Each structure stands twice: as C-alpha cells, then as structure tokens.
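Step one of this worksheet: look at the structure below.
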Amino acid sequence: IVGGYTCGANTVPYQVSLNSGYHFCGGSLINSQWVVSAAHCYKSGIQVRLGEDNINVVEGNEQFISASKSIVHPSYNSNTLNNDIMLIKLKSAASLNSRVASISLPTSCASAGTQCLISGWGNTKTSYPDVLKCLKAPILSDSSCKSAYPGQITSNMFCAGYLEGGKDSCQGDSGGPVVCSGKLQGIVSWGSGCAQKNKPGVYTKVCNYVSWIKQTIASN
Ligand SMILES: [Ca+2]
Ligand code: NA
C-alpha cells in the first residue's frame, strides 16, 4: 500500500496474510472455513495467518491454519487476468472473535464514488512493512477505468483509487480486500506498477462472483 497509513491493530479482522515461508499475498475471510484471494497468487502449499497485525512478531492472537484445498477460478486467464479469483478452504475452521471476523460478500455491485478500505502488507513504494497498511479510496467509474487501460478492462474488473497517483495497492497486497460499505467489492488484482498517474489499481469485481463462491463452498 503506497500513500496509505498504518491500520489500527486488528481493525481489519477479515484480512489474512498468505504465507509459504514468508508473506506473499493477502486474502479475505468470507466464511469460517474459506478465504478468498487472487488466482495469480496461487501456490500449491499455503498457510493462512489470521488475526495478524505485525506479521514479523508472534503477538498471540493469530490463528495459523494451513490450506486444505485451493481452487482457482476455472476461467481465470493469466494473460488478461480476467477472473483473477481463488478460494482457499482452511484445514480447520477459523474461530471467529473480535480480531478474526468474516467480511460480507457484496449484496450488489457498488456505485461509482463509493468509499472503500484497501489493506495489505504489500510494497510501500525486506520490502514489505511489518504492520498492516490501510488506504481509503473510491470506486472509479467504468469509464475512468477503461480510459486508463484501453482494451484491457473486462466486465469482471473495477478500478478503485485515484487518477492522480501516489495512492494505490502494490505487489504483496495482491489477493487482499477492498471493502466498501461493509461489503467485499474488490480483490487486489493488477495495474501498471502502482501509484502511477492515470494507472489506478485494478480489482477483481467480486459482485460478479457471489454465485460461483457460494457454489464452491457448498460443493467442497
Ligand atoms: Ca503477528
Ligand atoms: Na491488523
């Protein structure tokens, strides 16, 4: 997160760190047994770390739970990054409390200008901060999104952030949450680097995937 601020400890209780030796991506807890993240974050082995703030210090309120299943969207395209979404089933249910909580899936898509909260331990320009970073940022119109990335924005992508630059999610934030009005509307997906002028962050449009997410949870 560039141009952000340090989150209050555990103030983002749906935020998880994906770890395979070190932190490599974010995710969002959306069910006691399931985390949603980005398909481009895929690894065959993943430890989910919930209740984190300082990922480099054992504070005590963390829950470390290995991934038992990892399901990438069947129509995920690694070129266009269309359908950049992945579900992780936890080996055991996360225990929900004040510091570890589910975030609601969208009830509808979000209108342009809706204020969101983006968070992660990604780059802020060894590279990554210890402490979870936060950024407030608005949903941009589909127009501003498409203008910025001609021919590259599908119906499954939203831009969230600032055309001006200096405020954006970066590598390491990938797979992490964009939450607007209590609902997970975006998953950190891609961009042209980060925080550059007229290159706002591009995010998987979660409001298109509620039925696929529910189906996947129901089946597995
Ligand atoms: Ca910790
Ligand atoms: Na935290």
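The sequence shown runs 24 to 148, 152 to 246 under the UniProt record's numbering.
All C-beta atoms in this analysis are idealised placements derived from N, C-alpha and C, irrespective of residue type, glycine included.
query                                                                                                                                               : result
How close, in whole Å, do the beta carbons of residue 151 and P129 come, if the pair is a contact with beta carbons under 8 Å?                      : Position 148 is followed directly by 152 in the chain, which means residue 151 is not present among the coordinates.
Who are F87's beta bridge partners in DSSP?                                                                                                         : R72
Just to check, is the beta-carbon of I88 closer than 7 Å to a non-hydrogen atom of ligand 1?                                                        : no
Between which two residues does the beta strand (DSSP E) holding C139 run?                                                                          : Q138 to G143
Only counting the same chain, and skipping five residues up and downstream in sequence, which positions put a Cβ closer than 6 Å to that of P36?    : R122, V123 and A124
Exposed or buried, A116, counting other C-beta atoms within 10 Å across all chains shown (16 or more means buried)?                                 : exposed
Pick from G202, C220, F184 and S181: whose alpha carbon is nearest that of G191?                                                                    : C220
Pair every Cβ in the stretch 226 to 238 with every Cβ in the stretch 170 to 186, then say whether three or more of these pairs are closer than 8 Å. : yes
So is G49 buried or exposed if we call it buried at 16+ other beta carbons inside 10 Å?                                                             : buried
Quick one: what's got a C-beta closer than 6 Å to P164's C-beta in the same chain, skipping five residues either side?                              : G136 and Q138
Could you please go through the chain and list the residues whose beta-carbon is closer than 7 Å to any non-hydrogen atom of ligand 2?              : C30, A32, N33, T34, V35, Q38, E75, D76 and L158
Candidates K223, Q211, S169 and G27: which alpha carbon is nearest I108's?                                                                          : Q211
Under the criterion of a Cβ to heavy atom distance below 7 Å, does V81 qualify as lining ligand 1?                                                  : yes
So, under 8 Å CB-CB, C160 and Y28 are touching, yes? Tell me the CB distance rounded to an integer number of Å.                                     : 6 Å
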